[PDB]
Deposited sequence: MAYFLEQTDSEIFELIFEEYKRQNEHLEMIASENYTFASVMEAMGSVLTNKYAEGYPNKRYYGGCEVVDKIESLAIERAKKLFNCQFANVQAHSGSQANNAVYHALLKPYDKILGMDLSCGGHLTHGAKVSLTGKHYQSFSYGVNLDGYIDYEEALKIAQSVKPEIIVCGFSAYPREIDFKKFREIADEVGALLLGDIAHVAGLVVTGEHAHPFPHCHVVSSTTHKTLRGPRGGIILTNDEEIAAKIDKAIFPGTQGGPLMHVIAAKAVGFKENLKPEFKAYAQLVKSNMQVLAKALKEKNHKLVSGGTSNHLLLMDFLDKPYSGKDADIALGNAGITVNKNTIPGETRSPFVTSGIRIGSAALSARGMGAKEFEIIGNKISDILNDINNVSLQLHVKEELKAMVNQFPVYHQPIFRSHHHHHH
């Protein structure tokens, strides 16, 4: 009935749905939401405004899915989740240790905290020994593990060893691998982490929001008061019901297959890139993503992002360890598997995808090549429709 009342909005929705169908989304953060989730998102629950039956069911499935004791499913974003943990567990000017991708470069500012950083190996792996050294120097009130551009598994255990020695808290931000964590395709953060924050979209393919989890009753109580309003007299029930719908789909064993599909596709893509002698940070991936490395190549990370978009492949420029160039051109790119794997695309496609990528960056200024593969890939993605 949008086709009858609002023509202009309807053309914009169809424009978008055709736009999602006719390109390869390989940005690591992007995915296609469960159809069932959009259904709840567009229900009469937007009308309704002391526990509600629906946030219970969301918290119930949240606890079962993430294997924990308490859950706050009211965070509006992955950033609020992290920020809400900070207000609940810290005091002003408390120190915060977190990850970046520098190598050895490590008092910096926060919203009203002090941020310190630990980095990675010369092998692109997290340097845990260096982290304990920094943790012993800084003596931080909290440590954050988790990172958007990290191509490998995080060792939540070794981090709790560093936090126990230093007398710190351990926040697990699994917002980028929650799909892999939830299905056993990634080290679980519990019981090593005092708190876990995460986004409910991305790899979990739920609605857009945050979630907070913990096994400690006192932390759960403070998280409830820190989230406090959402600044609204109404808890948005349709979004919460959408959250519970997304959690039940994540518990299905079909989702566990999706998760290993996401990782094996990444394995195919990474293998296909190296066989043509491209360089990946840490030499590969154990993740939903890889990071190409262009430090010793004529073109930039900016250059490859633009070129590959011209071919209809949406990727992500990203700085890498040992960054030579400016932060707004960078020396790498960050490619994701989770979007195509939700389409049902398997190993055969991601290998063709892998060489079509290799062909374009081995010839970064061949505009006609980029255009040939764009049409060649639009016909593939047309064979694997979303919805």
**Report entry** Deposited-sequence ranges lacking C-alpha coordinates, in sequence order
**Finding:** 1 to 3, 53 to 66, 124 to 130, 412 to 424
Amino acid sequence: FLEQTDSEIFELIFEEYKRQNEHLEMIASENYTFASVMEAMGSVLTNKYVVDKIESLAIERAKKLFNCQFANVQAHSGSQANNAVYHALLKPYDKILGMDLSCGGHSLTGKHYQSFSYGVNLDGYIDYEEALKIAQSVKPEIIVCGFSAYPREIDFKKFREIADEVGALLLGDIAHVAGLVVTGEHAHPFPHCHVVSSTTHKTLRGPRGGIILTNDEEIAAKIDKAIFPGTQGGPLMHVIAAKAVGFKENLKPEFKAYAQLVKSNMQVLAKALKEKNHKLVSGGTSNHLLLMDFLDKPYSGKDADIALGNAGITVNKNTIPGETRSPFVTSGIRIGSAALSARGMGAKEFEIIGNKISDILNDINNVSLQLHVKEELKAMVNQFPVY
From here on, numbers count along this sequence of modelled residues.
Requested in this report: Select between 234 to 242 and 260 to 268 the stretch whose C-alpha atoms have the higher average B-factor in the entry.
Outcome: 234 to 242
Report summary line: Mean Cα B-factor check, 288 to 296 vs 243 to 251, entry values; winner is 288 to 296
**Report entry** Which of 316, 109, 199, 72 ranks first by CA B-factor in the deposited coordinates
**Finding:** 109
Report task. Return the residue from 305, 130, 161, 185 that has the highest Cα B-factor in the entry. Result -> 130
Query raised in the report: Which third of the chain does residue 329 land in by C-alpha B-factor: lowest, middle or highest?
Result: highest
Requested in this report: Consider only the C-alpha atoms of the modelled residues in this chain, order them by B-factor as the entry records it, and name the third containing residue 68: lowest, middle or highest.
Outcome: middle
Report task. Pull the Cα B-factor of residue 104 out of the PDB entry and bin it into the chain's lowest, middle or highest third. Result -> highest
Query raised in the report: Going by the entry, which third of its chain does the Cα temperature factor of residue 204 land in?
Result: lowest
Requested in this report: Please rank the C-alpha B-factors of the chain's modelled residues and tell me whether residue 168 sits in the lowest, middle or highest third.
Outcome: middle
